[PDB]
Amino acid sequence: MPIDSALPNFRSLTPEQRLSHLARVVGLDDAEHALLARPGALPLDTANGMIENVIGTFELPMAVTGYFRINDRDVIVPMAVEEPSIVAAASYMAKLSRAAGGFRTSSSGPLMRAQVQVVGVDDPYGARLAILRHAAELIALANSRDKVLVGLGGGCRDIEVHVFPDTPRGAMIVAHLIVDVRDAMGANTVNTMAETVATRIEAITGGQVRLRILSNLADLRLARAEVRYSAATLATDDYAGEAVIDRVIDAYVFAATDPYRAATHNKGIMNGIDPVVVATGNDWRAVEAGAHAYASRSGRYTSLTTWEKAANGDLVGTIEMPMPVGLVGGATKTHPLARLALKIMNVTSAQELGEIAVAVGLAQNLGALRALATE
Amino acid sequence: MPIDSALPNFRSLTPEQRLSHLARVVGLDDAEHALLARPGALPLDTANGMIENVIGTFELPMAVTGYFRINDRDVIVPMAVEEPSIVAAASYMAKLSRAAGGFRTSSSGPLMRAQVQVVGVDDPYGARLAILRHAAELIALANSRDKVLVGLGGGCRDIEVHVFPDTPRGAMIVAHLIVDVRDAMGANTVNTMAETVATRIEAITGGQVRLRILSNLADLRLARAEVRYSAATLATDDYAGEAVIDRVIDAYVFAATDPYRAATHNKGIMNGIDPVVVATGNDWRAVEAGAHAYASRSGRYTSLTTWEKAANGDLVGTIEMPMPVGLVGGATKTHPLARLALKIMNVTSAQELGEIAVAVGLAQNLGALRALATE
Amino acid sequence: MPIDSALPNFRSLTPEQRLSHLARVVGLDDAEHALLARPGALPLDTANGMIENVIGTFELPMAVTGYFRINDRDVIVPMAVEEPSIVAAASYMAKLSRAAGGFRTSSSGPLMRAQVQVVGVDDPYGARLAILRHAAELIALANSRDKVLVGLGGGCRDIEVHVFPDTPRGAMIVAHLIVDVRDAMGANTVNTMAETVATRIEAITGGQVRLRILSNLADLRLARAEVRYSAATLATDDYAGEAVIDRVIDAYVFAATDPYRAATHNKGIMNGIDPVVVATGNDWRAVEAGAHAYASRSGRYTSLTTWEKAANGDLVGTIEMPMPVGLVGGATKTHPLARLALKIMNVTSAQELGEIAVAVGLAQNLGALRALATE
Ligand SMILES: CC(C)(COP(=O)(O)OP(=O)(O)OC[C@H]1O[C@@H](n2cnc3c(N)ncnc32)[C@H](O)[C@@H]1OP(=O)(O)O)[C@@H](O)C(=O)NCCC(=O)NCCS
Ligand SMILES: CC(C)(COP(=O)(O)OP(=O)(O)OC[C@H]1O[C@@H](n2cnc3c(N)ncnc32)[C@H](O)[C@@H]1OP(=O)(O)O)[C@@H](O)C(=O)NCCC(=O)NCCS
Ligand SMILES: CC(C)(COP(=O)(O)OP(=O)(O)OC[C@H]1O[C@@H](n2cnc3c(N)ncnc32)[C@H](O)[C@@H]1OP(=O)(O)O)[C@@H](O)C(=O)NCCC(=O)NCCS
Ligand SMILES: Nc1ncnc2c1ncn2[C@@H]1O[C@H](COP(=O)(O)OP(=O)(O)O)[C@@H](O)[C@H]1O
Ligand SMILES: Nc1ncnc2c1ncn2[C@@H]1O[C@H](COP(=O)(O)OP(=O)(O)O)[C@@H](O)[C@H]1O
Ligand SMILES: Nc1ncnc2c1ncn2[C@@H]1O[C@H](COP(=O)(O)OP(=O)(O)O)[C@@H](O)[C@H]1O
């Protein structure tokens with residue numbers, strides 16, 4: 001069912017007119033329409049089961065951004081956020097992306113790391129080699145309590161082991177279980193696997209397992225997007241498109257050079273990403289931590305995007321970053337509007353959701369840089 | 001008006017009972033009580049003026065966390081978030097902090113950086129010295145359109161200038177206006193100052209000013225908190241308090257050693273901070289970007305907290321990080337519940353809000369580490 | 001009283017003729033003239049009170065260098081040194097600077113750092129936060145014994161605190177008192193402040209204060225100078241001025257690239273600076289240490305100057321470095337010729353003296369590079 005994600009005249013429509021349009025285009029029934037149309041879609045009793053000491057609920061404005069097209073498929077994207085201009089800028093940059101075909105995206109697998117930290121070992125490099133020698137057994141043990149995930153094509157795939165010999169608290173060994181978590185965010189799953197393998201790792205190493213916990217630096221679960229714009233597309237009344245393109249690249253190089261700029265440049269990316277994360281019931285703190293920690297992996301805090309001039313003169317943007325979002329658990333299941341957000345987007349895998357999100361972030365970045373370029 | 005922030009039996013009370021308690025303790029009138037008690041506190045028309053393409057609103061559960069005491073003053077803290085255990089853990093760690101006096105906090109000034117980026121200069125070090133020679137004039141010019149802020153004791157205080165001689169796009173000079181923004185977050189204020197000084201900087205340097213924009217790496221606007229716990233306080237049925245203390249320190253050293261752990265460790269901090277930021281109408285993306293970029297300032301991504309053993313054996317925790325929150329603009333003014341959140345906390349300066357927030361983050365960090373330590 | 005600092009025909013005049021000229025131009029009375037005209041201006045008994053085990057005095061030749069103009073004010077500069085060509089080269093480069101207006105200078109404040117080193121602390125990051133929480137009290141305590149300096153507009157302004165957790169002798173905390181010392185060099189003043197705050201810092205931290213002492217890396221007390229020369233100005237019979245300019249820049253880039261060259265390049269700067277420091281009774285070891293330590297602050301020992309080609313083709317030089325000189329104490333007060341040196345220069349603030357000195361150093365640097373360029 002191919003849709004048009006263009007949002008004609010949305011700036012002049014009332015919220016009820018906007019919802020009528022959305023309901024027609026993405027095929028919402030009347031009860032789904034009514035759920036967005038009236039406050040209180042998250043019943044107090046449901047909220048009271050989600051977190052502790054609930055006294056009520058706190059509303060963010062909820063919007064949709066227009067024109068996104070991801071691997072040739074139009075998608076309307078819900079956003080929950082409080083700051084002006086964000087939704088408009090995302091729409092505008094996705095509108096201008098369409099001449100060169102929208103956004104082209106990919107992902108690495110849905111791979112998450114579970115850390116199993118071992119202390120008290122006198123021969124940590126020997127212990128590391130012992131864990132690696134027993135890797136097949138440990139991977140099987142990790143998979144032993146997750147027959148559903150394995151049946152869906154997921155599960156623990158590999159184990160790596162890092163040694164930190166010189167800490168103020170003695171040598172530490174850290175095993176990482178590398179786990180394919182399919183459409184889940186994956187924390188409970190991998191945390192439980194880390195628990196499951198702990199006593200065997202103690203027997204192999206002679207150490208004491210302390211932390212058994214996912215890493216939020218989810219650098220094996222990357223989402224990527226690329227976009228292109230011509231000079232003709234980016235021309236304005238005051239600037240030739242070639243000048244806009246050069247000034248955007250100039251601004252990007254400033255972020256790639258100076259962490260004081262890169263922090264603002266990447267904040268602008270998250271202005272696009274986090275609202276999609278919130279509106280789907282996902283953990284925005286996890287996405288933030290993975291994004292900004294990844295931005296410093298090189299030894300210097302830098303840009304999560306790149307902007308370049310192609311051989312034919314077009315502007316080309318790219319983004320790549322960790323994107324640990326899911327479809328199956330947490331508030332994504334419990335919040336009635338998170339379920340509806342996923343239906344509006346018609347997403348069927350967590351991978352597709354992550355690629356949509358980073359495309360919005362890439363568009364939001366251009367929106368900021370382009371505006372700063374055209375004064 | 002000193003209050004008790006203890007929340008007795010809140011886990012067994014209904015949301016209406018919790019709101020009755022809160023209304024009595026912090027002195028909410030019946031209309032404020034009614035505003036939290038019924039969905040829809042953010043009218044659709046108000047939401048429609050906040051962001052573009054609004055179709056409705058999106059609710060987060062809203063809670064309060066208990067027991068916080070900041071420089072000897074009890075405070076009840078609202079939190080808007082979707083994830084379980086966060087509110088309870090913050091309460092528990094603030095409860096246990098009270099034996100040694102709660103949280104002790106401080107801040108640097110409310111100082112924000114506005115970047116003024118200059119391109120096209122052939123003698124950038126000469127241009128830098130020219131800007132510095134004219135610093136008094138440029139600071140006065142920056143203050144020329146902000147008589148209200150200057151009257152409140154704020155304004156541009158200093159100018160520094162950085163030179164990046166070797167970029168792929170030529171040499172860049174970046175002036176920073178260092179601005180005291182009092183109780184505002186400060187973006188519009190400093191962005192406008194950067195605009196105001198641009199043509200004079202062009203005349204002084206012979207270059208072209210491109211970006212004129214705040215930096216979200218707000219490392220001159222730091223909030224700090226310290227807390228202490230004794231062994232007796234941290235003892236459990238399965239672990240002596242001395243063992244809990246050592247295992248918490250062990251976990252902290254793991255984060256200080258390994259960026260894969262530090263990302264999760266700092267995410268846990270933001271689980272405490274961001275909900276307070278959201279509930280007061282503040283920009284959580286800005287707080288996130290400043291926090292995680294600051295965490296990598298040393299050249300390696302590390303912990304925003306420290307945990308140590310004092311001479312008498314007590315556990316001591318500290319946190320320090322950028323905290324660019326405000327009280328005066330944005331959704332903090334527009335959202336009726338953000339105004340009420342500030343009233344619940346009885347805060348009168350943005351500095352006090354930032355210190356409350358980082359204290360919650362420090363408590364949340366301990367909550368995570370302590371739990372991982374006691375299995 | 002505007003003077004001309006040109007020194008016409010000084011190379012052919014006797015020392016008595018040179019002194020007659022100087023006495024007329026800067027308005028020395030006959031007793032001041034007589035003091036320079038006859039050996040022994042530092043009485044043996046005065047020398048015997050300055051240092052220990054005095055047996056006599058040791059003469060440096062004393063000269064004046066010509067043509068300097070600092071922010072549009074001509075100044076004649078005394079120099080005490082033993083090496084030929086230094087005075088002549090400084091004069092020649094200041095002479096050639098005049099076509100483009102002489103030297104343009106500025107300074108940061110007269111800010112000195114006093115270090116208060118704390119050992120024996122088990123929770124140093126906690127102790128740091130305690131010091132910072134008590135900063136206002138500690139700054140007031142630092143100012144408590146210096147009412148004269150505070151009345152003159154000086155005094156302790158701020159406190160920062162550094163933690164060194166991993167030393168062979170345990171963790172160290174180092175507080176820095178940041179002190180405005182007005183026209184003094186400032187050592188005794190800041191050392192005394194560091195003493196004054198020590199027992200309170202011990203009470204706050206639970207540690208033992210060891211060193212209480214100024215830092216000679218006076219990187220908050222910077223003097224800066226800029227100068228310009230056209231091609232026409234730098235032309236010689238053998239080289240076009242454009243070639244001289246390119247060869248000077250080439251030599252500068254060699255120093256910025258190679259520490260074996262930078263050491264010689266910066267020695268050449270100090271050939272200009274140190275003689276002015278000696279002739280005013282100031283501590284040349286302190287100026288040297290601050291200069292060369294600052295030259296390695298980037299992690300590699302490099303040039304204290306820069307040389308660049310401006311858009312119109314002119315050569316532009318800059319210098320920036322610590323300049324902790326004073327007017328009020330030490331040999332500057334005790335040595336009769338140091339007092340007269342200050343009168344010859346007509347300086348009224350330590351800031352002005354430091355800017356004159358670094359301008360001479362910048363000129364001396366060009367003198368060396370230009371000569372090496374023209375064979
Ligand atoms: C806000 C902004 C989009 C207004 O753009 P503009 O030059 O005035 O452009 P237009 O009014 O011609 O609108 C262009 C497109 O932007 C979208 N748009 C602009 N204003 C919109 C609004 N109020 N509501 C909804 N969509 C809007 C639309 O897609 C519109 O085209 P469409 O109506 O054909 O779909 C533009 O200034 C921008 O992108 N600014 C950057 C803002 C930013 O980066 N914010 C983050 C931190 S400040
Ligand atoms: C969740 C947690 C607080 C339950 O603690 P517990 O050992 O079972 O402790 P108790 O039931 O004795 O409660 C201790 C305190 O915690 C608070 N608390 C615990 N459960 C609570 C609940 N459901 N609702 C409200 N407050 C709760 C209260 O302050 C309580 O004391 P109080 O009733 O006197 O005010 C504890 O397990 C924890 O701190 N876990 C860490 C969770 C975490 O770090 N989440 C972030 C990522 S997973
Ligand atoms: C020494 C040096 C100044 C002689 O320069 P020169 O090309 O022979 O130039 P001139 O004889 O035309 O003199 C030019 C100016 O230098 C000054 N000068 C040169 N020789 C001087 C001398 N013996 N006494 C006083 N001033 C002298 C004067 O300002 C003179 O102009 P003025 O008389 O109009 O005031 C020049 O070679 C130089 O600058 N060398 C660099 C020396 C150096 O860098 N030493 C440090 C380590 S080696
Ligand atoms: N498409 C799917 N992808 C991943 N897991 C699934 C899927 N469908 C069902 N599951 C099961 O759900 C579990 C995770 O659910 P839950 O913890 O609620 O998810 P989340 O980690 O996203 O919060 C897996 O361990 C698996 O057994
Ligand atoms: N207590 C205060 N602190 C700072 N600014 C204030 C205060 N009261 C009024 N103002 C004015 O408000 C302006 C900033 O308001 P606004 O842009 O709406 O704030 P924000 O930057 O927090 O979104 C300042 O430039 C100042 O003139
Ligand atoms: N213009 C001035 N600048 C600084 N200090 C001054 C001035 N005039 C008098 N004083 C006093 O002199 C003191 C320093 O004198 P002294 O130790 O002899 O100077 P120095 O540190 O330069 O050797 C200050 O602490 C101050 O009280």
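Letters A, B, ... mirror the listed sequences (proteins, then strands); counts begin at 1. Heavy atoms only: backbone and side chains are in, while hydrogens, waters and symmetry mates are out. We count ligands from 1, going down the list as the structure has it; atoms in each ligand are counted the same way.
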Handout entry: A:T374 side-chain N/O to A:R370 backbone N/O, donor-acceptor pair under 3.5 Å
Key = yes
Exercise for the section: Could you see which bit of B:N53 sits under 4.0 Å from ligand 1, with heavy atoms only: side chain, backbone, both or neither? Expected result: side chain
Handout entry: A:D283 side-chain N/O to A:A286 backbone N/O, donor-acceptor pair under 3.5 Å
Key = yes
Practice task
Report the nearest protein non-hydrogen atom to atom 46 (C) of ligand 1: residue, atom name, distance rounded to 0.1 Å.
Solution key: A:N271 ND2, 4.1 Å
Problem - Whether B:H176 and A:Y260 hold their rings parallel, tilted or perpendicular, with breakpoints at 30° and 60° - result: perpendicular
Handout entry: Check: A:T65 side chain, A:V77 main-chain N or O, donor-acceptor pair, under 3.5 Å
Key = no
Problem - Under-4.0 Å protein heavy-atom contact, atom 12 (O) of ligand 1 - result: no
Handout entry: Heavy atom of the protein closest to atom 6 (P) of ligand 1 (residue, atom name, distance)
Key = A:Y92 CE2, 4.4 Å
Practice task
Have a look at B:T189, B:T348, B:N188 and point out the one with the heavy atom closest to atom 13 (C) of ligand 5.
Solution key: B:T189
Handout entry: Any donor-acceptor N/O pair, A:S5 side chain to A:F68 backbone, under 3.5 Å
Key = yes
Handout entry: Other residues, nucleotides, ligands: >12 heavy atoms within 6.0 Å of B:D45 CG
Key = no
Problem - ligand 1 to A:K95 polar contact by distance, N or O atoms, under 3.5 Å - result: yes
Exercise for the section: Look up atom 31 (O) of ligand 1 and tell me if a protein heavy atom lies less than 4.0 Å from it? Expected result: yes
Practice task
Report yes if A:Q364 has an N/O atom closer than 3.5 Å to an N/O atom of ligand 1; otherwise report no.
Solution key: no
Practice task
Compute the minimum heavy-atom distance from A:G326 to ligand 4 and say whether it is under 4.0 Å.
Solution key: no
Fill in the blank from the handout: Numbered in order shown, the ligand 1 atoms found under 4.0 Å of a heavy atom of A:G367 are 41 (C), 44 (O)
Exercise for the section: Give the residue and atom name of whichever protein heavy atom lies nearest to atom 28 (C) of ligand 1, and the separation in Å to one decimal. Expected result: A:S91 CB, 4.5 Å
Handout entry: Plane angle bin for A:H335 and B:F58 - parallel if under 30°, tilted between 30 and 60°, otherwise perpendicular
Key = parallel
Exercise for the section: Start with the C-alpha gap between B:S107 and B:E355, add the side-chain angles, then the distance that decides, and say whether side-chain hydrogen bond (donor to acceptor under 3.5 Å, both in side chains) holds. Expected result: CA-CA 7 Å; B:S107 287; B:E355 286 173 26; 2.7 Å; yes
Practice task
Would you mind checking which non-hydrogen protein atom is closest to atom 27 (O) of ligand 5, with the distance to 0.1 Å?
Solution key: B:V148 CG1, 3.4 Å
Practice task
Using protein heavy atoms only, decide if any is under 4.0 Å from atom 8 (O) of ligand 1.
Solution key: no
Handout entry: Flag, side chain of A:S91 to backbone of A:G66, donor-acceptor distance under 3.5 Å
Key = yes
Problem - Qualifying residue for salt bridge (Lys or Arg N to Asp or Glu O under 4.0 Å) with B:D180, from B:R221, B:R157, B:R113 - result: B:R157
Completion exercise
min-distance protein heavy atom vs atom 38 (C) of ligand 1 -> A:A89 CB, 4.2 Å
Problem - Per-atom contacts of ligand 5 with B:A187, taking only distances under 4.0 Å to non-hydrogen atoms - result: 21 (O)
Exercise for the section: Please state which part of A:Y67 comes within less than 4.0 Å of ligand 1, counting heavy atoms only: side chain, backbone, both or neither. Expected result: side chain
Practice task
For atom 1 (N) of ligand 5, grab the closest protein heavy atom and report residue, atom and distance to one decimal in Å.
Solution key: B:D183 OD2, 3.1 Å
Handout entry: Residue pair A:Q17, A:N9: steps toward the side-chain contact (heavy atoms from CB on, under 4.5 Å) verdict
Key = CA-CA 10 Å; A:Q17 286 174 305; A:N9 207 26; over 6 Å; no
Exercise for the section: May I ask you to identify the nearest protein heavy atom to atom 4 (C) of ligand 5, giving residue, atom name and distance to one decimal place in Å? Expected result: B:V181 O, 3.4 Å
Handout entry: Nearest non-hydrogen protein atom, atom 37 (O) of ligand 1
Key = A:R370 NH2, 4.9 Å
Problem - For ligand 1, the portion of A:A371 having any non-hydrogen atom under 4.0 Å away - result: side chain
Practice task
Say whether, by atom type as modelled, one donor and one acceptor occur between the side chain of B:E52 and the main chain of A:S85 under 3.5 angstrom.
Solution key: yes
Problem - Flag, side chain of A:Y229 to backbone of A:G241, donor-acceptor distance under 3.5 Å - result: no
Exercise for the section: For A:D250 and A:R261, run salt bridge (charged side-chain N to carboxylate O under 4.0 Å, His left out): C-alpha distance rounded to whole Å, both residues' side-chain angles, the deciding distance at 0.1 Å, then the answer. Expected result: CA-CA 12 Å; A:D250 287 352; A:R261 176 59 193 158; over 6 Å; no
Fill in the blank from the handout: In this structure, atom 17 (C) of ligand 1 is nearest to the protein heavy atom A:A88 O, 3.7 Å
Handout entry: Close N or O approach (A:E83, ligand 1; < 3.5 Å)
Key = no
Problem - Test item: A:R18 side-chain N/O and A:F10 main-chain N/O as donor-acceptor pair under 3.5 Å - result: yes
Completion exercise
Closest to atom 10 (N) of ligand 5 (heavy atoms only, candidates B:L152, B:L149, B:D146) is B:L152
Fill in the blank from the handout: Within 4.0 Å of some non-hydrogen atom of B:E52, the atoms of ligand 1 are 22 (C), 23 (N), 24 (N), 25 (C)
Practice task
Do me a favour and list the nearest non-hydrogen protein atom to atom 10 (P) of ligand 1 with residue, atom name and distance?
Solution key: A:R11 NH1, 3.7 Å
Handout entry: A:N282 and A:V287, any side-chain heavy atoms less than 4.5 Å apart
Key = no
Practice task
State whether A:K333 and A:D183 are salt-bridged, where the test is any N-O pair (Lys NZ or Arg NE/NH1/NH2 against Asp/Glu carboxylate O) under 4.0 Å.
Solution key: no
Fill in the blank from the handout: The atoms of ligand 5 lying under 4.0 Å from a heavy atom of B:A184, numbered in the order shown, are 3 (N), 4 (C), 19 (O), 20 (P), 21 (O), 22 (O)
Exercise for the section: Say whether, by atom type as modelled, one donor and one acceptor occur between the side chain of A:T264 and the main chain of B:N216 under 3.5 angstrom. Expected result: yes
Problem - Per atom 43 (C) of ligand 1, closest listed option by heavy atom (A:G66, A:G272, A:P8, A:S85) - result: A:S85
Practice task
Note the single closest protein heavy atom to atom 15 (O) of ligand 4, along with its residue, its atom name and the distance in Å.
Solution key: A:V328 CG2, 4.2 Å
Problem - Option with minimal heavy-atom separation from atom 21 (O) of ligand 5, where the choices are B:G151, B:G186, B:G329 - result: B:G186
Practice task
Using a strict 4.0 Å cut-off to heavy atoms of B:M185, name the atoms of ligand 5 that fall inside it.
Solution key: 20 (P), 21 (O), 22 (O)
Handout entry: Where ligand 1 meets A:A368 - atom numbers and elements under 4.0 angstrom, heavy-atom basis
Key = 44 (O)
Handout entry: A:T192 side chain to A:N188 backbone, donor-acceptor under 3.5 Å
Key = yes
Exercise for the section: Kindly indicate whether atom 23 (O) of ligand 5 is approached by any protein heavy atom to under 4.0 angstrom. Expected result: yes
Exercise for the section: Determine, counting only non-hydrogen atoms of the protein, whether one lies under 4.0 angstrom from atom 2 (C) of ligand 1. Expected result: no
